[PDB]
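Next comes just one chain, in structure tokens: the form deposited in one PDB entry.
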């Protein structure tokens, strides 16, 4: 397997894209957190703020050819926060869809959202549990990755199933159906919502799905396939993180955290 010729150029281009994304996010996420301090929307925004705050660490890691100079605790905390917040946002999208459907509760909201965060942290805990940093014996470079039990490295399949089965379809179906019903009842932003939530996240999961199919040796091994998958994955991830910024587009984004002579008659 030769080395990728234009890996550095693509990484730098997507790093500039990540810089734009991180600036815009930090802005519009710290802004939302400060300013709204709906309840579910508030929880979602608080969640997304952490992902955005962690974006710079991921950008730095990408800049060094996916080498993690920071310590093991840094990678653990960053990955745990990223996973927790991403899952929390994904789930609260469906939760808000359901709440909007029901409305057209005070004792409900608080317990419901605490339970949503409970699920968010629980589902994401196993990933961080086995995360560790190791230095390549030959490449002599540091990296951060998960180390599942040797006899059941089953764990990968289960985690992927949880990521995809729980991730995309479960929200998407309810969200699309409920917003179609809302459109039938009725404004235009409604359509935007649907498309956004699809286009933002529909790609990566599909790409993720393809990754699974490649891990199970269901496709012939070729360098061009690997290059295409690598190019698509990071672009899809950038489009996903763009969700952190476009979420506060259902509502305006206010950046609150930033000669005349007097003659007479």
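Residue numbers count along the first chain shown, from 1. Heads up, when I say rigid core I mean the largest set of C-alphas that superpose within 1.5 Å between the two forms.
In the deposited sequence, the stretch from residue 186 to residue 187 hides 10 or more residues that have no coordinates. The entry models residue 104 and residue 105 with a gap of 10 or more deposited residues left without coordinates.
A second form of this protein, the form deposited in another entry, is not displayed here; the remarks below concern that form.
With the two forms fitted on their core, the C-alpha shifts between this form and the one not shown stay under 2 Å for all of 82, 179, 117, 143 except 179. The Cα position of residue 31 differs by 2 Å or more between this form and the one not shown after fitting on the rigid core. Once both forms are fitted on their core, a CA shift of 2 Å or more is seen for residue 251 between this form and the one not shown. Relative to this form, the distance between the C-alpha atoms of residue 252 and residue 87 is reduced by at least 3 angstroms in that other deposited form.
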